[PDB]
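Some notes on the structure that comes next.
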Amino acid sequence: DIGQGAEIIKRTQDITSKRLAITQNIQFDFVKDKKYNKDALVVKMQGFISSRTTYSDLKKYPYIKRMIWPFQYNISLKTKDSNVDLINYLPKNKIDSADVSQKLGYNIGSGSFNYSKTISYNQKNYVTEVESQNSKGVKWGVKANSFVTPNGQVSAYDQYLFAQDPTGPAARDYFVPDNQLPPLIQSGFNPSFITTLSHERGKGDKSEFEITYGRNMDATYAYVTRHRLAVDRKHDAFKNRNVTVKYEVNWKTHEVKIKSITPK
Amino acid sequence: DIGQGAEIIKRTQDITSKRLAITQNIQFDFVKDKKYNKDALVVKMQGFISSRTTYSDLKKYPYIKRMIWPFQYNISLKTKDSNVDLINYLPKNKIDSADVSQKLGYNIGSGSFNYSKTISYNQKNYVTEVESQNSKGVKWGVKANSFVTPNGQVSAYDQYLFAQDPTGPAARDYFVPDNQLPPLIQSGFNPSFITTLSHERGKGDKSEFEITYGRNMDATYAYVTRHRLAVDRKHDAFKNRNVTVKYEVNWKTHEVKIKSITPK
Amino acid sequence: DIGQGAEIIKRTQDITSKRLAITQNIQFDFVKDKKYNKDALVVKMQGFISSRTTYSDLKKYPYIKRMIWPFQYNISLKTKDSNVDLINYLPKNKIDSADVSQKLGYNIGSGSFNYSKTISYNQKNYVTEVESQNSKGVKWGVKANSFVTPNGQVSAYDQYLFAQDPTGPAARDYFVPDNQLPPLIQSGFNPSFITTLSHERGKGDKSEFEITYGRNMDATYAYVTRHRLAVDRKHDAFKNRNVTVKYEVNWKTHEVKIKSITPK
Amino acid sequence: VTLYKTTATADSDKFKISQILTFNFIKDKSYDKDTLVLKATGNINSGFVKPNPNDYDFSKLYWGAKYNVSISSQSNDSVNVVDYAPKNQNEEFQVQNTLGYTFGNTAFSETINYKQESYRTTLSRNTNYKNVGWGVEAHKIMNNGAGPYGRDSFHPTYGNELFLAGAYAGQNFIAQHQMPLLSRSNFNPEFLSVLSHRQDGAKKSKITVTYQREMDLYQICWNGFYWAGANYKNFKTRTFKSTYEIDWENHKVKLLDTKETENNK
Amino acid sequence: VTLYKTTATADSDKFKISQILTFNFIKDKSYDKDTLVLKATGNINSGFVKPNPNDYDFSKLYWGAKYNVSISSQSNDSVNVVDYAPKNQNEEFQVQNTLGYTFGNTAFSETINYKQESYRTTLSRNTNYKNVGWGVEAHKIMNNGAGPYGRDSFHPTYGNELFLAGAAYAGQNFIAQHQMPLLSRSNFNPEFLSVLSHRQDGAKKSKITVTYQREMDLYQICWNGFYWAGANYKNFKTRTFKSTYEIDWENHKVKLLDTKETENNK
Amino acid sequence: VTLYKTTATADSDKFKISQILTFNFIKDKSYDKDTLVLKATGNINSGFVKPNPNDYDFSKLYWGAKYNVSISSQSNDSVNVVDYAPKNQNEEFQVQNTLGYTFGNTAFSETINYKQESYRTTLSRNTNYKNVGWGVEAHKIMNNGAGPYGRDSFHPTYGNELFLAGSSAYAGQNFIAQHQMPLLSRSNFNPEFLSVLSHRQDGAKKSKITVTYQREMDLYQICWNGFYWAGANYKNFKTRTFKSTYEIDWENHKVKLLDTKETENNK
Amino acid sequence: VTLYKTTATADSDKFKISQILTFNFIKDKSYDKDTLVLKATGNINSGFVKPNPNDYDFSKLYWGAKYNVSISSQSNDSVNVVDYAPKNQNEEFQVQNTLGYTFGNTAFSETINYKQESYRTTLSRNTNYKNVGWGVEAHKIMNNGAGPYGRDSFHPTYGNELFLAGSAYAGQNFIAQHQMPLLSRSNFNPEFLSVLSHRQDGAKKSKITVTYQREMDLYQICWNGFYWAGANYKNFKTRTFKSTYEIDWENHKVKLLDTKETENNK
């Protein structure tokens, strides 16, 4: 119910993977809760994962135009220290809810009967799902869901997505312009995730955290034949394009060091 | 993110240009913020700019009736002191926003198809636009935008605006009554503008501010011929009908004097 | 802006006119506002004015049925003390406001054009109007306005109001039942009015207030002839059925006495 | 300002009527009189009587159609009733006038929006400087989609269709659950009154609290062609009168008198 | 910061006009001038005149069509009017554009949503550094469902249909009195605010001029044999109540000095 | 916790671009580094160019189609960009599915509700641990009821109808009215961006920050083929960039303008 | 009032089930007993099993159709479960009855407005003074516009259309995985609260039993030559993780003592 709010010691660490265009902005709040049994730490995970959305000509078949785009963003925190527990994390999965309106009616002028039903719900471009978690870590996947277009909403799992009648000879000309692409595709993703962790006292001072950011890219292919447009879709074209960073934490000295990063 | 609110010394100055029917109500809040590097001043700009809306017969052609009315109100603050910076100002330009509701449907009694789209936005009589600004000053233009009438909204750039079938022989009779004129035309404008300014210390005590209020008048001409009404419109008929007032500021003694006013 | 709230001395007086069925519940708050020039008094006027709605047979013509009912409630406060000013009072008259929604449309299946306008406003059974006021007093009239019925709203100034096809031989049977009568007619009126008054110091200690409560009764007549219902209406049948009470106020001793009441 | 609290209760197990009285004595230095805030709650049964299902040609039921409460001080005491709640409402409603035109017609409409309650509370006319009283009366009662009806609804042929369903007479009433709660179950009053007492007055005063129910007789009969109904108001009346002794000096209250009165027409 | 309050009143029983003036003197150490907050309330009758029901061919009534209030300081004093309320509103309204297609048909529409008031308050053009004034003018007046109308409504045949009931006796062919706007037939209860500044090296006493005024319009109708027609004549009668108050900036007192009741008739 | 404020300004009167920088130096005892909150405001003209009304067969205008702002630290300093605003929005919209039956008929429909803005703000891809940047790009532009349009709208016959009005007139008079254009396309952009930077205490007493305001101007043109008017938009045909370098004194909590660079690209 | 906090965790990596237990020990002087607030969170995988796309005539999948959590004290201890959240909801909905007449025509209608959730949380019937338990059960599941469906939906010909899509391979004629409810295919993240009381003259240490469980349903479809039909078999597989924790009411500590991973398969 009440746990846990008192004196804090904050530390920050920031780092970028040039190779992958991914930036981790990590904040470490050491929690000295005088009502609590153990050591506590709040890890706030922010940063930027570029969309790395690209448009190109196939090397073997330059007449075919390819758009590569992030279908999923990957976020995870793990540890190996047996003295460390994951005791809280946000976001969590929740049960979807919806509004329903249902109507029956009759007319007599003659006899007539009518029925209608309306479901009302809220939509996100990208849905954040907890894909796994246990006392030693948690992994989220932020998945493309539904997108707004003229003539209605469209599913991220529709294959003709983003394809268009070419407005030119270039690859980009084969796909919808930026003003029809959402921020997480046109630009990238700004992660905000939190984890609260405990540490057993008198059994060691240091622990190591593996924080991972990344993308799963889908690929949409388009080319012209017979005055009809050919569009095809390869899902999970490039999975787990991720960067992993190892942070070392000293629960006694309140010290945080970046131990490693792959890839650079 | 915030700055800067603490101890204040206030001074006021009020002045009118009989010639032009424009009144400046200026309030000067000298700010002593003990957390700040420099001297600071908040200038609160209020007052009254009469509409000076007039109805007349042309001297050369008394059978033609003219309505002169304010299309724009002009507000500006400038300074020449190299030691003075403009570090804040309100209002600022903003991105317009709108609500969209879009619907698709089908019927089978037979086959039928329907689509509808609704854009929903907020309108002002007059729009306030930052027309220019730099570290030494800022100038706003408050422009006639859109007006409410029977049978819908009308644009300020429509030429038949305000013209009507004459209800009499006088000039006024050729134009809509006061109850169809908005407050900024029927009466005038009540400016509310703010600027926060800094001052470098140890490089001089006095600075001079040029505050300008005024109007750009449009002219709508109407006359009767052949039992048909002839209406014409001159945009920017009388531009920059403005009064400029010079205030001198002493940042050390907290003294404010009126240096000049044109026209009187 | 700020005036006027600080230390209070309260006194109460309650009284009823058996003759007229009217009760005044009056509270006197002497205000010792150390920021104010003069003596101040807040008179809070509450109580109960019975509707005295009655149903009867005419003495000279028992076949005619009469319903007498309160069309207006009368409230007023006056004084003669030259040292006393009325400096505030509630309620005041206000400008009515309404919401307007106006629509234009076209169709082409062919040419068709449509227009609609909707005015939206709030209604009360009884409207409270300031009928007169000056530095020595104020008089309100609470007037019957509009009533909810089956098939829509009806005006208090409609003559066929409250009349119905007789459900019996009695007078009451000729008029709508209690459940179609609003509280101010079925039961009566619960006045809530406030007045703030000042008093000049060193020019006398005592002042006298005349508070008046009452009714203006309208009369609705109904009778049956030739299987058609005859209904007629006499407006202001019995005006100013009022009770006046004189209260004496001592601004020095904070004493309030009941001087008189008419009728008992 | 100083506050003293207390309570007092009075039951009529016979009539199923109960008075819960909650008292706040206030001593205010800026006031020349003693103040008493009195909240009156408890229970007043509707006295609803199930109809006999065996009744054939004519059948009847009683239902709680009005509830009356009153609080009084005595003519000879220094205690006046200065304030109370609820007070009579000047009812408000919302209007929408729409005018529309088409050419290539001329339709208009008006809509009103208002609240509808089965039972309505108004002040008693006998209210005066030493007595305040309220009446909770059956107001707008719906059969199914049919209605609203009241105690005096009258259809020229079918009479009062208040509880008429459409067989046996006693089985041609609407379902009991379909009736208003306050017509078949219990009324739970919640009334507030403020009384003032002169400090040079009696150390003790007497207050009279009255709870009452008016039971209406609703009956229906078969004429050979239709079922018709009729409502008779206040055919039965049950009244519970309590007199309480107020000790303004020690801030106590004590039940002194009880009177259970049964009127039957 | 220190605050001093006081009040002053002025009546015109003849014109049924009353001025209630509420004063807050403010002494602020962070300020080099004395501040006075002045709230101006009271009463201004509409001056409504019931029509004679016996009038047959042509009949007339007067109604309160505009109310004017002003607060002034004198040219020779150190007192300027620095702030006030209400100020002119830059009015806003809401728009809905709808486009619809069916397959064949093609509908489109636009809707505007706005407030409508019977009387509108705007600033006086003579407003300046020593004077602020407001005009409350008859604005959007509805007959029944008919309207809105104003002082200058003009239908080519029926003229100004403002208070015309049905186009009987002329004086009985006006709309019901209760159907008229409250401010046209009853009383205007002003509520205006002004802030004035006073130089401390100025006079110990100043003079303030408060003016309440009513413009009464003459509304008449006549029978031509075929229809009833109407006309409105603006400010046919004017009733003006001017008061002068002496302000003691030193002792924070106010005293009524002058009264002027002026009757203009066309 | 202790807070120190200051300001710094930089003007490009030629480009009509101005940088207002507002600084909060924060010293937090529960923190091992120095914190700097940097709010970046000011002005960036659209650089809008009125068309010549006399142009007959083909006419052109320039409009401000994108605004770019960036804040940077240097590779060799201990100053990292730890936080900023605004961040990318994962956009939300509301759905209503309706199914209806009558007896015979069978109707169904779906409605979506969402916000529409003329200019959209997204992050710069070059954003990293020492640099944050935003792009405000022309997004959803309405002609009248027609649209929405953007920089890359293409109708197979009428081309880009972004600012095309209709009419049988001069080309330079067949654009829409200036007032009908988006504010940020014809007037001034007033940026409002926030950044948080952290500084190692064992680092340099002084650091350097690079703030860049930029405008991308698009060339919109129309031409008459004898049958219709057609239009085309050319992106970033002109680019105006204002780069400022500020010296930060983490010790005395001062800021000082050091460099200015006004750069003009024209295609 | 004095508060002491602590935590305890328990994992079943095999079943992909995790218990996070958050503890608030309360000592209240106005109370004769020790209070313990226990929040039970963590993870319970659905155990969803992708169907084989190669299956031709008949195919099957498993999905998480119910989640069960319970918290218990032992019969022989002085520890009772006095309060908890969530409790069962007495559900509410809104009604609109409309009656309309035109003159001839006579329309009437009724509309109901209510909330719809894919999974519903209700209390366990075995709840008693020493045990509280919740069941999160698949409730209202929509295919596309089709539905809502549940574990026991039955169409006379097409059977249970819960996850049936539509001439293809059987294992390819299921709806897309993403189209399924999150809790049917992903992870359940419980969030349950309970309050327990402990007699002070009781044991210094007590034992609490926390159980997380999943009921996996077998959904299958088959081709009869004319249509595709489906069927759902409840709790065909059950995975249950039982943990026993030792509570030290004296020192406000908690220690995991027992773990039991149990697999039931039909």
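Identifiers in this document derive from the order of the structure tokens: chains are assigned A, B, ..., residues are numbered from 1 separately in each chain, and ligands are numbered from 1 in order of occurrence.
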- Message: Need the shell around residue 260 in chain D: protein/DNA/RNA residues with any atom at most 9 Å away, counting only C-alpha atoms. Skip same-chain ones fewer than 6 positions apart. Format as an NGL selection string?
- Response: :D and (12 or 14-15 or 238-242)
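Considering only range 72-252 of chain G, backbone DSSP assigns helix (DSSP H, G or I) to residues 170, 171, 172, 177, 178, 179, 182, 183, 184 and 185 of chain G.
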Quiz prompt | Interface residues on chain D facing chain C, 7 Å, only C-alpha atoms, written as a ChimeraX atom specification | solution = /D:30-32,80,82,87-104,112,122-125,128-129,139,150,152,154
Would you export the selected residues with C-alpha atoms as a PDB file, in the first residue's frame, please?
ATOM      1  CA  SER D  30     -20.965  36.547  19.053  1.00  0.00           C
ATOM      2  CA  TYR D  31     -24.582  35.402  19.620  1.00  0.00           C
ATOM      3  CA  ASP D  32     -27.007  36.454  22.349  1.00  0.00           C
ATOM      4  CA  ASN D  80     -38.063  29.855  17.819  1.00  0.00           C
ATOM      5  CA  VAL D  82     -35.001  30.011  12.792  1.00  0.00           C
ATOM      6  CA  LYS D  87     -36.445  24.523   1.607  1.00  0.00           C
ATOM      7  CA  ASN D  88     -38.846  24.749  -1.333  1.00  0.00           C
ATOM      8  CA  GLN D  89     -37.162  24.625  -4.670  1.00  0.00           C
ATOM      9  CA  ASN D  90     -37.814  27.054  -7.457  1.00  0.00           C
ATOM     10  CA  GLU D  91     -37.511  24.383 -10.128  1.00  0.00           C
ATOM     11  CA  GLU D  92     -35.354  24.988 -13.221  1.00  0.00           C
ATOM     12  CA  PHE D  93     -35.427  23.326 -16.629  1.00  0.00           C
ATOM     13  CA  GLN D  94     -33.594  23.612 -19.931  1.00  0.00           C
ATOM     14  CA  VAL D  95     -35.114  24.609 -23.253  1.00  0.00           C
ATOM     15  CA  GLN D  96     -34.060  24.108 -26.861  1.00  0.00           C
ATOM     16  CA  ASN D  97     -35.921  25.887 -29.646  1.00  0.00           C
ATOM     17  CA  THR D  98     -35.047  24.725 -33.146  1.00  0.00           C
ATOM     18  CA  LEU D  99     -36.086  26.349 -36.411  1.00  0.00           C
ATOM     19  CA  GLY D 100     -35.224  24.757 -39.753  1.00  0.00           C
ATOM     20  CA  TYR D 101     -35.839  25.561 -43.395  1.00  0.00           C
ATOM     21  CA  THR D 102     -35.263  23.630 -46.628  1.00  0.00           C
ATOM     22  CA  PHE D 103     -35.744  24.630 -50.264  1.00  0.00           C
ATOM     23  CA  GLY D 104     -34.637  22.759 -53.380  1.00  0.00           C
ATOM     24  CA  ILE D 112     -37.482  20.687 -22.540  1.00  0.00           C
ATOM     25  CA  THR D 122     -42.373  20.312  -0.045  1.00  0.00           C
ATOM     26  CA  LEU D 123     -42.838  22.437   3.010  1.00  0.00           C
ATOM     27  CA  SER D 124     -45.947  22.283   5.173  1.00  0.00           C
ATOM     28  CA  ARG D 125     -48.107  25.411   5.018  1.00  0.00           C
ATOM     29  CA  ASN D 128     -44.250  29.271  11.224  1.00  0.00           C
ATOM     30  CA  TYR D 129     -41.768  30.783  13.680  1.00  0.00           C
ATOM     31  CA  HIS D 139     -45.441  12.672  -7.458  1.00  0.00           C
ATOM     32  CA  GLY D 150     -50.194  10.333  -9.411  1.00  0.00           C
ATOM     33  CA  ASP D 152     -55.327  11.901  -8.749  1.00  0.00           C
ATOM     34  CA  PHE D 154     -58.004  10.116 -14.014  1.00  0.00           C
TER      35      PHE D 154
END
| query | Given a cut-off of 9 Å, which residues of chain B touch chain F, counting only C-alpha atoms, written out as number ranges by chain? | reply | B: 1-4, 34-38, 85-88, 92-110, 114, 119, 129-135, 145, 157, 198
Contacts of residue 164 in chain D at 7 Å or less, counting only C-alpha atoms, minus same-chain residues fewer than 6 places along, as a PDB file with C-alpha atoms, in the first residue's frame?
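That gives us selection_30.pdb:
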ATOM      1  CA  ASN D 172     -54.186  -7.823 -12.250  1.00  0.00           C
ATOM      2  CA  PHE D 173     -52.111  -5.352 -10.248  1.00  0.00           C
ATOM      3  CA  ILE D 174     -48.561  -4.585 -11.330  1.00  0.00           C
ATOM      4  CA  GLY D 229     -59.017   1.700 -11.075  1.00  0.00           C
TER       5      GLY D 229
END
So which residues touch residue 249 in chain A within 12 Å, counting only C-alpha atoms, skipping near sequence neighbours fewer than 2 positions away, as a PyMOL selection string?
chain A and resi 11-13+27-30+40-43+79+81+84+197+199+204-210+246-247+251-259
Report the residues of range 65-232 of chain F whose backbone DSSP state falls under strand (DSSP E or B), written as a PyMOL selection string.
chain F and resi 65-72+79-85+92-102+105-117+119-123+128+131-138+141+149+155+159+164+175+188-189+192-200+206-224+229-232
Taking only C-alpha atoms into account, which residues of chain E are within 9 Å of chain C, as a count of residues only? 58
Quick one: residues within 9 Å of residue 142 in chain G, only C-alpha atoms, excluding same-chain residues fewer than 4 positions away - as a short mmCIF file (atom, residue, chain, number, x, y, z; two decimals) with N, CA, C and O atoms, in the first residue's frame?
data_model
loop_
_atom_site.label_atom_id
_atom_site.label_comp_id
_atom_site.auth_asym_id
_atom_site.auth_seq_id
_atom_site.Cartn_x
_atom_site.Cartn_y
_atom_site.Cartn_z
N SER G 118 -12.57 -7.80 -21.60
CA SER G 118 -12.20 -9.10 -22.14
C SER G 118 -12.01 -10.13 -21.04
O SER G 118 -12.31 -11.31 -21.24
N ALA G 146 -17.41 -9.49 -34.87
CA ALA G 146 -18.13 -10.66 -34.38
C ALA G 146 -17.88 -10.87 -32.89
O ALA G 146 -16.75 -10.72 -32.40
N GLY G 147 -18.95 -11.20 -32.17
CA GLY G 147 -18.85 -11.47 -30.75
C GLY G 147 -19.90 -10.69 -29.98
O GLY G 147 -20.86 -10.21 -30.58
N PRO G 148 -19.73 -10.57 -28.65
CA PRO G 148 -18.58 -11.10 -27.91
C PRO G 148 -18.70 -12.59 -27.68
O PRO G 148 -19.81 -13.11 -27.69
N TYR G 149 -17.56 -13.25 -27.53
CA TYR G 149 -17.51 -14.69 -27.25
C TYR G 149 -16.83 -14.99 -25.91
O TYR G 149 -16.17 -14.13 -25.31
N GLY G 150 -16.97 -16.23 -25.45
CA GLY G 150 -16.38 -16.68 -24.21
C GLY G 150 -15.91 -18.12 -24.33
O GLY G 150 -15.82 -18.66 -25.44
N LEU G 162 -14.93 -18.46 -31.18
CA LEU G 162 -14.00 -17.64 -30.40
C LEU G 162 -12.76 -17.16 -31.17
O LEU G 162 -12.51 -15.97 -31.25
N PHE G 163 -11.97 -18.09 -31.70
CA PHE G 163 -10.74 -17.74 -32.42
C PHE G 163 -10.75 -18.23 -33.88
O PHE G 163 -9.72 -18.27 -34.53
N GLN G 179 -4.64 -10.33 -32.92
CA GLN G 179 -6.08 -10.07 -32.81
C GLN G 179 -6.69 -10.67 -31.54
O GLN G 179 -7.85 -10.42 -31.23
N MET G 180 -5.92 -11.50 -30.85
CA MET G 180 -6.37 -12.12 -29.61
C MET G 180 -6.22 -11.18 -28.43
O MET G 180 -5.38 -10.28 -28.46
N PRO G 181 -7.02 -11.41 -27.37
CA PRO G 181 -6.84 -10.66 -26.12
C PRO G 181 -5.43 -10.78 -25.56
O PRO G 181 -4.85 -11.85 -25.59
#
As an NGL selection string, please: the residues near residue 76 in chain C (cut-off 8 Å, only C-alpha atoms, same-chain neighbours under 6 positions excluded). :C and (137-140 or 211-213)
Across G:253, G:66, G:130, G:237, the smallest distance to chain A, with only C-alpha atoms counted, is shown by G:253
Using only C-alpha atoms, what does the table of chain G residues within 9 Å of chain D look like, with each row giving the shortest atom pair and its distance in Å to one decimal, sorted by chain and ascending number, as JSON lines?
{"residue": "G:97", "atom": "CA", "partner": "D:145", "partner_atom": "CA", "distance": 7.8}
{"residue": "G:98", "atom": "CA", "partner": "D:145", "partner_atom": "CA", "distance": 8.8}
{"residue": "G:99", "atom": "CA", "partner": "D:145", "partner_atom": "CA", "distance": 8.0}
Q | Residue neighbourhood range 214-225 of chain E, 6 Å, only C-alpha atoms, exclusion window fewer than 4 positions, as a PyMOL selection string | A | chain E and resi 57-67+229-239
Restrict the selected residues to C-alpha atoms and save them as a short mmCIF file (atom, residue, chain, number, x, y, z; two decimals), in the first residue's frame.
data_model
loop_
_atom_site.label_atom_id
_atom_site.label_comp_id
_atom_site.auth_asym_id
_atom_site.auth_seq_id
_atom_site.Cartn_x
_atom_site.Cartn_y
_atom_site.Cartn_z
CA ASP E 57 -54.51 53.74 -35.44
CA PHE E 58 -51.03 54.49 -34.10
CA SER E 59 -49.43 53.72 -30.75
CA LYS E 60 -46.09 54.15 -29.01
CA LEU E 61 -43.95 53.09 -26.07
CA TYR E 62 -40.57 54.06 -24.62
CA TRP E 63 -37.96 51.48 -23.67
CA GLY E 64 -34.50 51.57 -22.12
CA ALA E 65 -32.24 50.80 -25.08
CA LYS E 66 -28.86 51.89 -23.80
CA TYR E 67 -27.22 52.55 -20.46
CA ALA E 229 -45.77 48.43 -39.28
CA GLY E 230 -43.28 49.57 -36.67
CA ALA E 231 -40.44 52.01 -36.19
CA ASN E 232 -37.77 52.68 -33.56
CA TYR E 233 -36.39 56.15 -32.82
CA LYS E 234 -33.17 56.14 -30.83
CA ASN E 235 -32.51 58.19 -27.72
CA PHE E 236 -35.76 60.13 -28.07
CA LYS E 237 -35.48 60.76 -24.32
CA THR E 238 -32.31 60.94 -22.23
CA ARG E 239 -32.02 60.96 -18.44
#
